[PDB]
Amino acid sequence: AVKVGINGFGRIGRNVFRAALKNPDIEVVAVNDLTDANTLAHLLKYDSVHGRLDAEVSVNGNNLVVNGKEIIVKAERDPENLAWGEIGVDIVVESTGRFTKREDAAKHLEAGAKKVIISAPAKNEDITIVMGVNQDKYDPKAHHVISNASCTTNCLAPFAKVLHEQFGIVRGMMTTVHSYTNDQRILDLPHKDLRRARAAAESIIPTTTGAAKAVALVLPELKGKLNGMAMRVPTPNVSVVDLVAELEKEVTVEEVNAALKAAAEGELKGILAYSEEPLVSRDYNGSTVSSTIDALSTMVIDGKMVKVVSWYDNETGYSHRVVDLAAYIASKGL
């Protein structure tokens, strides 16, 4: 159905490709990337975190062959030159990480794509959608360059929505206990961020996150209510959001969990999940939802301050999200 194009075949583009595999409504017809297809097929087939792909993968000249379908692999430095229109690609997933400003991402529209999905926080985008939270606010007439926000923001937004609507958030702080990402260094090497310059798998690393400020793009009533940071730790995947919120109503742990459980089971089914089991981060590896409440961690003090901890597979969850956004957009007409 919707013919999709992926710019950048790094971790996110490959994870999106793996997510799309599972979808009959979306069809990845071409990727753009300067790495040789041999490398790229090796990387698609074998993953240290996600394991071997469940599909036969091979290389034909410069293209990829995944279960008999040949994937055109372009190798343009210029988005402008991708000719998405010529191969009937409607939607472009912009994952290089170099085209996050609207003017750079609109080059894919110039080349014929009809919509661009920036898989990361952007500048000047038409709209930032956090699926489950504000997809209803997408206007096909007016929104062509769309942001799917960050992994952290997709985790937080669903449950800040529930808490906010159900009890009202006065203010709140988050900390994300996150796995190392390809942004960090293996051993101490120069980095913009002096924290992130330190051997990644050796320390607990205080760092920044715009996740808390970005929840405002999807829930405007939370504008100026949240703040938070990050702690990168020696795990390669799965991270957790820890939110301390000062509520307007007086609650109990049970009320809170009960409201969280209802949204997961109803309105947010498939996005927000709820768990009453005592699991650890390796158990959420491969998870596709954007946030799972760790129900036994919910805690309340003086009936107004609540602590809510939620799990996210930061590579799978987010990737499933891009494919759903892709699908959602197309349903609104292209």
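From 1 onward, residues are counted along the sequence shown.
Here 48-56 and 289-297 are compared by their mean Cα B-factor, and 48-56 comes out higher. Stretch comparison (280-288 versus 58-66) by mean CA B-factor in the PDB entry places 58-66 on top. Ranking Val308, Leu43, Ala30, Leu268 by Cα temperature factor from the entry places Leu268 first. The PDB entry gives the largest Cα B-factor of the residues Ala149, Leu247, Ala105, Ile205 to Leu247. In the PDB entry, a CA B factor belonging to the highest third of its chain's modelled residues is recorded for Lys22. For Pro158, the recorded CA B-factor ranks within the lowest third of the chain. Only modelled residues enter the ranking. When all modelled residues of the chain are sorted by CA temperature factor, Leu109 is found within the middle third. When the modelled residues of the chain are ordered by C-alpha B-factor, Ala197 sits in the middle third. In the PDB entry, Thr175 places in the middle third of its chain by CA B-factor.
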